[PDB]
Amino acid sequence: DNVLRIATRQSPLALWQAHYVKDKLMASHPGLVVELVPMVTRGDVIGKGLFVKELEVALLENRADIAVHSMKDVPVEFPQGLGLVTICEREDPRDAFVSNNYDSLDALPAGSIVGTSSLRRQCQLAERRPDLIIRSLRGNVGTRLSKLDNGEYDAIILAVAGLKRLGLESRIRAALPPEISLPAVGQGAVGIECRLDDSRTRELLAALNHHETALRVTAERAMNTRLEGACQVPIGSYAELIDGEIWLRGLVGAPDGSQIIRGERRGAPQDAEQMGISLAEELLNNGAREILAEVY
């Protein structure tokens, strides 16, 4: 076959991601015909893998060859025969402070309403500023920006990568350093899932793998796997390559910001997976187990 079918969600950001993968595949393999198969997910309407399940069914029944996701949305477990095989070059991994009326988090007055449905984002903000009111916010990037503009929130937190890819860089009032808001696992990277026995597809995808990003995300995911994490839990997991070593930082927090368990590991790139697992067991042994129990 000379055709590759791409399964993707149907929001403006998911289609931007699908086009980025399609452009990269055409640049490496000029005779390939790339087709798009956009589809809704449970996540779009309201096991887990709320943003991926219908995509994976597409692959199992040979309706698509690859599924393109934002890495933070990929679950730590997969149906047999599927896996994540390519991790694309990481874009800015930071959280962003978005507000029409305020210039920074410090400028919000007590009682101001900040929208986010991420317990990872909430625990960290509540830890520093218990005077702010953190209210759930759901929806695609443009739906969230509308609710801000309609005055339902004073500010909201989104990933910088999403806003930059949509050409909405002007809505970023401030990129929050990882030390103020530790990113979710894989934040900023696009991941490609496919059928593991499909060697033709896996060969076509190799040119898209970004080694340095794959090392970072491997360590972040090994941590989350051990904690049995996902988007609904208050876990931050973030790796940087600093002078030839991986520096992994992780946190597990109580949603009210009362208790936050933090840890860090530094090591050789070859040990990315074992470093993540070790970090996760240090957190669990330190009280992360009970915080997650009270979540789940």
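Numbers follow the displayed sequence, beginning with 1.
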Chain break class at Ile46/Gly47 - deposited residues not modelled: 4 to 9
query: For the C-alpha atoms alone, is the average B factor greater in 251 to 259 or in 63 to 71, going by the entry?
result: 251 to 259
- prompt: Is the mean CA B factor in the deposited entry higher across 151 to 159 or across 100 to 108?
  reply: 100 to 108
Candidate set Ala174, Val190, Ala214, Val185 [ranked by C-alpha B-factor, highest]: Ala174
Given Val21, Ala288, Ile277, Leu13, the residue at which the Cα B factor reaches its maximum: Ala288
- request: Just say lowest, middle or highest third for the CA B-factor of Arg221 relative to the other modelled residues in its chain.
  value: lowest
task: Taking the chain's C-alpha temperature factors as the reference, tell me which third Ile235 falls into: lowest, middle or highest.
output: lowest
query: Ranked by Cα temperature factor within the chain, is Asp271 in the lowest third, the middle third or the highest third?
result: highest
message: Using the temperature factors of the C-alpha atoms in this entry, rank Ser199 within its chain: lowest, middle or highest third.
response: highest
task: Within this chain's modelled residues, let me know which third the CA B factor of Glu264 belongs to: lowest, middle or highest.
output: lowest
